[PDB]
Amino acid sequence: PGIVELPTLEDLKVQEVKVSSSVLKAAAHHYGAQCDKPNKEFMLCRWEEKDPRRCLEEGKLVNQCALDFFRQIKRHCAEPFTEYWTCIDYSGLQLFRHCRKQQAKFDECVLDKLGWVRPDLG
Amino acid sequence: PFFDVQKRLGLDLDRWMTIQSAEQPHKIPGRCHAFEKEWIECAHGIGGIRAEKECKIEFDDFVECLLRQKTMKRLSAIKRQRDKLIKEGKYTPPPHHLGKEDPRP
Amino acid sequence: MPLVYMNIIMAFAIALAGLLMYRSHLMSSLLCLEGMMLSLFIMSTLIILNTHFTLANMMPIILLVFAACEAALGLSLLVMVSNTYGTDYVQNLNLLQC
Amino acid sequence: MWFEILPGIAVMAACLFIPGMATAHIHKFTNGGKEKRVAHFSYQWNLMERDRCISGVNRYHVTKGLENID
Amino acid sequence: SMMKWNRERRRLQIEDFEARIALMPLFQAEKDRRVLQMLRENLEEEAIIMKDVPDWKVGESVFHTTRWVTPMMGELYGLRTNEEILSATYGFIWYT
Amino acid sequence: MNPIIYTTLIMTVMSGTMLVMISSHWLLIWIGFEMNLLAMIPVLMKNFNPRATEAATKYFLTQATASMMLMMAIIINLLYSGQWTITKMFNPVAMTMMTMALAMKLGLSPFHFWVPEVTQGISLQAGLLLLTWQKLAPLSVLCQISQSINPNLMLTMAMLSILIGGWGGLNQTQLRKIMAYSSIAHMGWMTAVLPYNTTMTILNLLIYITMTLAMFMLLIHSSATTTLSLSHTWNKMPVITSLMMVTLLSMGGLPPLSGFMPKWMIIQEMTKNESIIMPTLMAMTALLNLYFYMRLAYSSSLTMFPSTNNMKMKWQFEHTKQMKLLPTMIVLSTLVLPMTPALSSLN
Amino acid sequence: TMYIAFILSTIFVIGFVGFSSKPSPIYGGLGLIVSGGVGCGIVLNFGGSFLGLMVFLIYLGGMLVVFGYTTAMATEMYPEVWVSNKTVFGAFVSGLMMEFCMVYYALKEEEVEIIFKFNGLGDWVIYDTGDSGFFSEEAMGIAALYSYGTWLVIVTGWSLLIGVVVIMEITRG
Amino acid sequence: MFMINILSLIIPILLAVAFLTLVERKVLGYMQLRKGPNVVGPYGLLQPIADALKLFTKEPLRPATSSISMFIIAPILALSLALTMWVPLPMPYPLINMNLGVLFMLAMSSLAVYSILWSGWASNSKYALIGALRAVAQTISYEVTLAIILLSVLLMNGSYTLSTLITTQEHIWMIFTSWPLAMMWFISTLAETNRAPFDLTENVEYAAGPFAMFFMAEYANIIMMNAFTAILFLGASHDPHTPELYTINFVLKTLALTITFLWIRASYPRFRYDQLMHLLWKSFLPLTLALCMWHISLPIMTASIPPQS
Amino acid sequence: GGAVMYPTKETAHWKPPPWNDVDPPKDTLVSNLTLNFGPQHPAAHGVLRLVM
Amino acid sequence: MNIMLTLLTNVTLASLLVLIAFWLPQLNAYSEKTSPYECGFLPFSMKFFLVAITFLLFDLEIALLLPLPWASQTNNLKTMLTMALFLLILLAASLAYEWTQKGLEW
Amino acid sequence: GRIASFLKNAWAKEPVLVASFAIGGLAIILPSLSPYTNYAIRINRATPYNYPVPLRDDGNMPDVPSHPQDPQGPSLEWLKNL
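Rules of the game
Residues numbered from 1 in each chain as written, not as in the entry; some residues may be left out. Chains lettered and ligands numbered in written order. Part of a larger assembly, values for the part shown. Heavy atoms only, no water. Residues with missing side-chain atoms left out of burial classes, pairs and counts. UniProt positions renumbered as here; feature names shortened; annotations may be inferred. Helix = DSSP H or I, 4+ residues; strand = E, 2+ residues; numbered from the N terminus. Contact = heavy atoms within 4.5 Å. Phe/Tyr/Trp six-rings, centres within 6.5 Å; stacked < 30°, edge-to-face > 60°. Buried < 20%, exposed > 50% of the residue type's maximum accessible area, 1.4 Å probe, protein only. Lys NZ or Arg CZ within 6 Å of the ring centre and 35° of its normal. Buried area = accessible area lost by both parts, 1.4 Å probe. Salt bridge = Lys/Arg side-chain N within 4 Å of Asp/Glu carboxyl O. Polar contact = N/O pair within 3.5 Å; in protein donor to acceptor, adjacent residues only side chain to side chain. Expected span 1.5 Å × (residues − 1).

Per the PDB record, this model was obtained through cryo-EM at a reported resolution of 3.2 Å.

The name the PDB entry gives chain D is NADH dehydrogenase [ubiquinone] 1 alpha subcomplex subunit 1, with Sus scrofa as the organism.

If you check the PDB entry, chain C appears there as NADH-ubiquinone oxidoreductase chain 4L from Sus scrofa. What UniProt records for chain C under Subunit is the sentence "Core subunit of respiratory chain NADH dehydrogenase (Complex I) which is composed of 45 different subunits." Quoted verbatim from the Subcellular location field of the UniProt record, the comment on chain C reads "Mitochondrion inner membrane".

Listed below in structure tokens is the structure:
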């Protein structure tokens, strides 16, 4: 039947968040709290349009907002964050429990400088 | 003699597993959930005789999702033409298809 | 269908052919019958996995259980027959005719 | 007396100790001096595959931090 | 003791799942962009390969419906290198 | 066998059939068939005999092969359709395989061979159960899939069943084997109209069940398994053999007995579908069934064979067992032709 | 190793020919153990870890071990291999030849059709691109038997219990 | 490097079995007021080497095997399965990490049973088959109870992953939670390996090398089963930075359990087949079923359902 | 009376089924094993033969 | 590939040892024991098979009991608990039947 | 009375079975008579295996939390206390 409509490569090129999984997991809780609105909007789009070719722009905003989130960390809490993710990186399962001391350090600075409050359980 | 005691007593004993579009544990979607949903919704109460012809398109697409026979045929044709071109030296697989260019995250 | 599905279905066909064409021992026929059950298990498992029929991943297990039950039955019949005759030869089952 | 058995038990103990130590050391040596990551579920493997792409050397052990961004 | 320990483990599991949920939208965005990129590359190279082929509508949907259909492994990594295909198919299963 | 255990096994057979007739999922239907087989083998071997063991083994082998083919067909239909409901099968090859399996379970020729042997091996009670209750589940499955049933294959199997049943019955002398071959022929009659009208199959099935119940119960009451052993019955209880004569004539289908109803309605439905050659051949071949029924009636009651001296002692004693259903079954299997318009109730 | 699944399926067919040739029971039982192990490998390759270990633990571990138990206690046979007397040897060779013809008609000719349509493309294509997250689809669905499939549990359990009863009644003499 | 890991798992286990022979000899002797091998090498350290060299030089006699083919496969299967069962075991990090390692172990033990059947059947010896079938019967009963106990104890682990057992027993050893199951499990392990009192003294047709390999496989299975018991019940502390601590503690636990295996061997008279099965069918099995009920109900009634992941 | 109503030459020799569904016991070979307690056996102390 | 490698290495190692134990040690010449396997000629007791069929059925029921650890994560805890207890009760009932009736003769 | 003697006789002769019946019986009665069973259900539901798909705000959903972490929405404080 019809020709599959596919977006051009140019319109799907976005600056990628080139961090490791351990780095993402260390800042995962804060990332969700800070970037909640853009992430939730994109999820709603993909869960209503049900087509990746309709929510490409929303995906871009998520990446851009994610980059801004890490940009603030670098300019305010660079050293404590490095300690946190490095500890998580070592653990094969990337367990949070093994790095609770480092987490407290990163949470404390981020609470003081950036004012971010880590989301609680559930 | 399908004594539909299930519907008479309003008890589900095996209807949960009849289709893959039914509720699955932890809301894990089926591979062809959308196609099966479309086919079932099309052929609801219109009768098997009418469903066989009227909802033919839905079932055809559903079967294509289930077995991917036509998709496999198309991909095989593409592969055959590509290999023929390679043998004649009329095609060069691009570096990203060769893996030279790093993938996107 | 993928070639793997073809091979499994062909395996079922071969086992059925062996079962229907007895040679001497009834034990060999039972082996062919159980092989067919194995082939059906593999076929159903692959189909369910590929379709992501999550709620139907329990079908192969139920098939396996009932398969081994009917086998327990076959073996019990085989030993009764062997104890009566002395061997499990299919030719021994000849009292009933037509 | 009874302590004469201890030599043989010690030799067997060293023999049994070799495997676990070898496994741990080889894991760390081949996984960038870190505990070998586990993939019990697809999400964990997806993180590994993403990490492999992020590294740029097709190795998941090397991890890129904030220095890689911007 | 096992009751208390298991309850704490459940709390930690919920925390880990929340971290996964927080990171999921970014991964979904990357996944969709990557899939579409691979599909486009395959489309362009398909045009180049089978342009000579008579009566070949490049990138013609095999389904009648215009609904988005999640691509199969062949539709994404069909013309990729064998090592990449092996990874995308059996990497997780063979990784032990 | 302990009576409680026997009751549990009988209920298990019934529950398997009920599951087959109650389920909407193919897997559950196959499960019901497996339960039927599992609970049927011990019932067949209630009276431990080498012949009983041979019959059980043959029955198990045939039913196991049938179940294997049935599950294979179900799996193929799942592969090509992703459906588990017992509806129109969406793969022709699966349809053919399932038809073969269900016919083997029924005993339709050319899968008839096991039926006479197993029937002869097992007891009269087990024979009754095998030839009446075990016919319900496969017929139910066939009725549910009648739309998808290939008319050509089913008609061929049914016609061959009628022919082979008649021929085999002509040569038999053992009462159980005669009953088995007649059962094959009647199953052919039942399945002939399956592609056309299922309600007629239900009607024929009910009449066949009543007739076979009456015949088997009369045989049990007379405790006879051969033509001569039944011939001796006239000296002791003439009523039983005369009622047997009536039931045999009904089984032949001679009007105005009940046996005419199923044949009459079947011919009606087949002629409505523009099929004239097939029903004509069916009746002309059922004449053979009538022939062996008439031979049995001759030996039993229409004529009197010599008896033995020991019969005098048996004259003094009276049968203690009382089969409550037998009178009603005899009446319903002989005088019900004035009640055909009740066919609508089946619909 | 892109066609590993196809190789396994061919070996599965070969083992099925081996035990379907009805050889000496001991040799056949092996023809089935080998095929069973291969089939488990195929299921694992598709990702059914639990089901793969199911056949290994139950079918191969118990069902075929009790089968071997019987062959050992009731041993009234002259041992022979699959490549023994022509009755078994010819059958094995012919089955292998039929399988090889199917394979050649399947690989050299992409659209092979004997009774069903088959495509010569590697089975890796049929695999679907998807993520289950922190899930084991197979395990979750099978565990749902206790939650969703209560009716299946009831029927299967009753069948098992009545099976024990039936086995005793049959093997009481 | 992975092949190096495989070799560093296989070779040390075989050497450990070889020295376990000497350890058993000496332990039994000193429990009998005797000195085990003490002449062949210092403290008998060269005794296993002497035994191996003598065996691989003794004239191998042929046992008229009905099927050399099968008679040769049985040793291969036993040894290969024994070696494979060590792979999933977490010494803190396992060689091959399986989400269902426990079921893999159970399946491997189940296949091992075939070695017994194949050996006796191919031996062409009435007494051999009888004894083999007795072994089949013994291993038959152990598998049921072993599986039930393993399932029940893993109901608090949260999965079949072997590595998770370390985390579950991080604070308290599992035995303190399931000690009756531990007792039945240990006795079932004794039954599995036919270690006394579940021996059937009086595959003997195997000569020298073949016998030696069967002996090695059996003793490797002994060590592996004791290791499994250790991981299941006697949890060990694991520091992610220094795994050697866990390795040492685990090895010590396994050695203690093997020493208990020998200690039982020279403490109790051998059972009788009827008694062994009237244990593994009429004493253990009902208790295992009841305890399985308890270990299903307990996590739910105490809100202690372990994490799935 | 007979196996079949119209018998053939081969079927003529064939015997009608027994009156009771009980086919006669065939051979009735004893399965009682005759084991020998070989002297080498430990319990025999090397000098004991127990035909059992 | 790792697990396949482990299986291959183990099997090959075992087979190599079997080679060096079946064919290498028999190379050494040890005269010839001209000793024939003097054979001059069946305990198919149910006592063995019964142990086997009952094991098969109990193993089948054990197979149904395997998915229990993952089944504890279901929200419908009451229903799952009831079904698990039902399966265990049926196992106990099967054992009781055999014990009460003429079974467990082993 | 008579039952009490039977239990004593049973434990004297077949203690293993008596224990098995008791443990099995408690493993059935105790679950229903336990308050933590309700909690065990809640914990299983609480565990967020899959993503909480957001819903489009229509302006008439006060209870539904349109924010990262504010009072609206479910609370896991009960588990934290446990």
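The rest of the description comes next.
S.K.: For this particular structure, what's the right way to read the environment of G:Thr70?
M.R.: Within the element layout of this structure, G:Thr70 appears in helix α3 (residues 49-73). Residue contacts for G:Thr70: discarding those within four places in its chain leaves C:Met27, C:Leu75 and J:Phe49.

S.K.: Would you take a moment to explain the packing of aromatic side chains for this structure?
M.R.: Describing an aromatic ring pair means giving the distance of the ring centres and the angle of the ring planes. All told, the structure shown has 51 aromatic pairs over all chains when counted by the stated rule. When the centroid spacing of 4.6 Å and the interplanar angle of 70 degrees are considered together, the rings of F:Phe292 and F:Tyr293 count as edge-to-face. Comparing F:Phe292 with F:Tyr293 shows no difference in burial state: the two are buried. Through successive ring pairs, a cluster of aromatic residues spans A:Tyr31, A:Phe69, A:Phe70, A:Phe81, A:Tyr84, A:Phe106 and A:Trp116. The ring of F:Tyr6 has F:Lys46 lying over it, and the distance from NZ or CZ to the ring centre is 3.4 Å.

S.K.: Would you mind going over the UniProt feature "transmembrane region" in chain C with me for this structure?
M.R.: All names here are of chain C. Mapped onto this numbering, the UniProt entry annotates "transmembrane region" at residues 1-21, 29-49 and 61-81. Helix makes up 86% of residues 1-21 and strand 0%. Its end C-alpha atoms lie 28 Å apart. Taken end to end, residues 61-81 has its terminal C-alpha atoms 30 Å apart, with 100% of it in helix and 0% in strand.

S.K.: Sorry, what's going on with unusual backbone geometry here?
M.R.: Note on backbone geometry: most residues besides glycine have negative phi, and most peptide bonds are trans. Of note, the bond from F:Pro255 into F:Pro256 is cis; its omega dihedral lies within 30 degrees of zero at 5 degrees. With respect to the helices and strands, F:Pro256 occurs in the loop between α13 (238-252) and α14 (260-272). With omega at 20 degrees, the peptide bond leading from H:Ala196 into H:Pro197 counts as cis. For H:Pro197, the location among the structural elements is in the loop between α7 (179-192) and α8 (209-233). Unusually for a residue other than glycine, J:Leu104 sits at a positive phi of about 60 degrees.

S.K.: Would you take a moment to explain the interface of chain G and chain C for this structure?
M.R.: By a widely used convention, the size of an interface equals the accessible area lost when the partners come together. Listed by partner, the interface residues are 70 residues for chain G and 61 residues for chain C. Counting each side, the surface lost to burial between chain G and chain C is near 5,500 Å², with a carbon and sulfur contribution of 81%. In this structure, the connection of chain G to chain C is made through zero salt bridges. Applying the counting rule to chain G against chain C returns 10 residue pairs in polar contact.

S.K.: Explain helix α4 (residues 101-123) of chain H here, please?
M.R.: Quick reminder: α-helices carry 3.6 residues per turn. Residues three or four places apart thus point the same way. Residues and elements named next belong to chain H. In a regular helix each residue adds 1.5 Å, so 23 residues correspond to 33 Å; α4 covers 34 Å between its end C-alpha atoms and thus fits that length. When you tally the buried positions in α4, you get 22 out of 23 residues, the bulk of the element. Positioned one or two residues after α4, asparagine 124 has a phi angle of 55 degrees, which is positive.

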